[PDB]
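1. any chance you could fold what I've pasted below:
(chains A, B and C)
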Amino acid sequence: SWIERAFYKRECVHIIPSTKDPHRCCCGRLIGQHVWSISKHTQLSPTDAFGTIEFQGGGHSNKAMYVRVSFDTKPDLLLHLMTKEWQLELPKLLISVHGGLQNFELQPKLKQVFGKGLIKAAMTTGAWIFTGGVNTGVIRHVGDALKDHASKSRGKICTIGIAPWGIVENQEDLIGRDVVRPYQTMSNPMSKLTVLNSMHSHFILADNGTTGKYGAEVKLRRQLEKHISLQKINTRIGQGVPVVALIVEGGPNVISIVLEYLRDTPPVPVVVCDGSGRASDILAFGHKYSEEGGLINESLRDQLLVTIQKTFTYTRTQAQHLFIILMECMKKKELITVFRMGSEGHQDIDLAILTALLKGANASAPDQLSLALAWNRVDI
Amino acid sequence: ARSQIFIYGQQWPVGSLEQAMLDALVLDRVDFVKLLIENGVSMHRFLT
Amino acid sequence: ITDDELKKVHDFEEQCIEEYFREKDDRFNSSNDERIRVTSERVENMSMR
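-> Residues are numbered from 1 along each chain as shown, chains lettered A, B, ... in the order given. Let me share the structure:
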């Protein structure tokens, strides 16, 4: 009963602007299906969609808690919810997985190694995995990784995913107050809305009022990660919890996400993967051909411009703007760790991730030793 | 059937998977039942 | 039982049924007998390669 009295929600009560399709409003819902304040005029109310989800189908049966939360809420209430009501201890590591919202396929060896790395990293350190919530792309690969982990050995990987509330399929099926609601894994290929990932543990649904549109969760997730990182770890030597940012594929937005991670106090290290394609591959080609950070000569600059304009199908000025964003990222070249399949790129995800965390903290060796003691990683 | 028919990007008619489950159950195909449960068929909504 | 402790008893039974099947699989693969079968398949695939 505390969840209804502490967390709030918002619903679309607007003037119904038609724009393109007369039934589709500014929030995208049907014209008769109604019942920020700019053009949506939304009203605030206690929540009516929280509790537990029983994922019917999809092989293994897994129960995942969920709560619908307004997008402008304060992280201490949400962090208190996870620590008290969900009985989750404070993690020794936070992992932020970002990627492309479109579905993609990787190499089988790359997918297997990335999945085994993410599973082992979230097991040994007792970490929290932050995904996009819905079962698209990189979160689908994380879901297949969680299939494997569970299928092979026991373990409760805390994998809190943050998704927009209005874009999940069967929103009426998840309506209740502290009630277990069945959910269907079937995703209609005709419907633009996508289902939630079946192999997750907790879900911070973020309603901005709109349906069928993204952007209702990025600011809340970023401020929650910041509020988590300002919490001190249990070693009490003078450090907060470490935050890493794993990037697989991605689009044009993940370069700005990387720039927001790098140009932050304290800075957050970024680990990328190679072979997936798109923004990760252009980041890798920037990282190998970089010399002294931002000192990039003309020929690889033109190569980067033509590969951006070819892979992302952008214009000349858009590729130029993305190249300035790439150079602004590339000023802080020491924080990026690039994992490469084969070669001498540590041959594993987890040495790259934990080494990136150790030099992203950049503190004294007592602080690194206390971090390794908290993670129970003697080999690292 | 796993590698080809249940590949990614496969469009499915409504009610066809439930008829496929009914055919798999009567023809003692335990591996095909396991495949269909893993591909989203729920027994609660199928069994009448 | 009351319906709340009925659920707690219920999920206890699912932790046990998963841990039994998983264990059976691990004791099957730790089986020397299977560490030998699964070695032979591989050996042949490297022999032709």
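
2. find the nearest non-adjacent residue to the residue nearest the centre of chain B, please.
-> Of all residues in chain B, the one closest to the mean position by C-alpha atoms, centre = their mean is residue B:36, 3.3 Å from it. Closest residue to residue B:36 apart from its sequence neighbours, by C-beta to C-beta, 6 or more residues apart in numbering or on different chains: residue B:21 at 5.3 Å. Every C-beta, even on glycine, is put in place using the N, C-alpha and C of the backbone.

3. residues contacting that neighbour?
-> B:33, B:36, B:41, B:46 (C-beta atoms under 8 Å, 6 or more residues apart in numbering or on different chains).

4. for the first one, helix, strand, or coil?
-> Which is residue B:33. helix (DSSP: H, G, I helix; E, B strand; the rest coil).

5. got the contact list for the residue nearest to residue A:103 when sequence neighbours are not counted?
-> Once flanking residues are discounted, residue A:103 sits nearest to residue A:137: 5.1 Å by C-beta to C-beta, 6+ apart. Residue A:137 sits next to A:99, A:100, A:101, A:102, A:103, A:104, A:249 when contact means C-beta under 8 Å, 6+ apart.

6. elements contacting the top helix by length along chain C?
-> Longest helix in chain C by number of residues (criterion: DSSP state H): helix C:3-29. The contact analysis (3 or more C-beta pairs under 8 Å, 6 or more residues apart in numbering or on different chains; DSSP states H and E) places helix C:3-29 against helix C:32-48.

7. using PDB, list the CA coordinates for the helix it packs on.
-> Coordinates of each C-alpha in helix C:32-48 appear next as PDB, following Å, rounded to 0.1, in the frame of the first residue of the first chain:
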ATOM      1  CA  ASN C  32      33.900 -39.800 -16.100                       C
ATOM      2  CA  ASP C  33      31.800 -41.900 -18.600                       C
ATOM      3  CA  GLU C  34      30.600 -38.700 -20.300                       C
ATOM      4  CA  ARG C  35      33.800 -36.800 -20.000                       C
ATOM      5  CA  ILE C  36      35.100 -39.700 -22.200                       C
ATOM      6  CA  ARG C  37      32.200 -39.700 -24.700                       C
ATOM      7  CA  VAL C  38      32.300 -36.000 -25.300                       C
ATOM      8  CA  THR C  39      36.100 -36.100 -25.700                       C
ATOM      9  CA  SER C  40      35.900 -38.700 -28.600                       C
ATOM     10  CA  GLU C  41      33.400 -36.700 -30.700                       C
ATOM     11  CA  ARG C  42      35.700 -33.700 -30.500                       C
ATOM     12  CA  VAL C  43      38.900 -35.600 -31.200                       C
ATOM     13  CA  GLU C  44      37.500 -36.900 -34.500                       C
ATOM     14  CA  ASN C  45      36.500 -33.400 -35.600                       C
ATOM     15  CA  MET C  46      40.000 -32.200 -35.000                       C
ATOM     16  CA  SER C  47      41.400 -35.300 -36.800                       C
ATOM     17  CA  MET C  48      39.700 -34.500 -40.100                       C
END
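
8. neighbours of the residue of chain B found nearest chain C, how many?
-> Distance from chain C to each residue of chain B (C-beta to the nearest C-beta) is smallest for residue B:34, at 13.3 Å. Residues lying near residue B:34 (other C-beta atoms under 10 Å in any protein chain shown) number 12.

9. beta partners of the residue sitting nearest the centre point of chain A?
-> With distances taken as C-alpha atoms, centre = their mean, the residue of chain A nearest its centroid is residue A:131 (3.2 Å). Counting by DSSP bridges, residue A:131 is bridged to residue A:161.

10. stretch A:269-288 near chain B anywhere?
-> No. Counting by C-beta under 8 Å from any C-beta of the partner chain, chain B has no neighbours in stretch A:269-288; the shortest distance is 15.8 Å.

11. run the chain-centre distance for that stretch.
-> On the basis of C-alpha atoms, centre = their mean, to the nearest Å, stretch A:269-288 sits 17 Å off its chain's mean C-alpha point.

12. now that stretch: buried residues?
-> Neighbour counts over stretch A:269-288 (16 or more other C-beta atoms under 10 Å in any protein chain shown) mark A:269-287 as buried.

13. repeat that for stretch A:122-132.
-> A:122, A:124, A:125, A:126, A:127, A:128, A:129, A:130, A:131, A:132.

14. please tell me how far the closest residue to the second one other than its chain neighbours sits from chain C.
-> Yep, that's residue A:124 we're talking about. Nearest non-adjacent residue to residue A:124, counting by C-beta to C-beta, 6+ apart: residue A:377, 6.0 Å away. Distance from residue A:377 to chain C, counting by C-beta to the nearest C-beta, to the nearest Å: 24 Å.

15. wait, residue A:377 sits on residue A:353?
-> No. Assessed by C-beta atoms under 8 Å, residue A:377 is found out of contact with residue A:353, at 10.9 Å.

16. those two: which is more packed in?
-> The neighbour comparison of residue A:377 against residue A:353 (other C-beta under 10 Å) goes to residue A:353, with 26 against 14.

17. residues of chain A that sit close to chain B?
-> Close to chain B, as judged by C-beta under 8 Å from any C-beta, chain A has residues A:56, A:57, A:58, A:59, A:103, A:105, A:182, A:184, A:185, A:186, A:187, A:189.

18. mind doing that once more with 10 Å?
-> A:54-60, A:103, A:105, A:140, A:147, A:182-190, A:195, A:198 (C-beta under 10 Å from any C-beta of the partner chain).

19. any idea which element residue A:95 lies in?
-> strand A:94-99 (DSSP states H and E).
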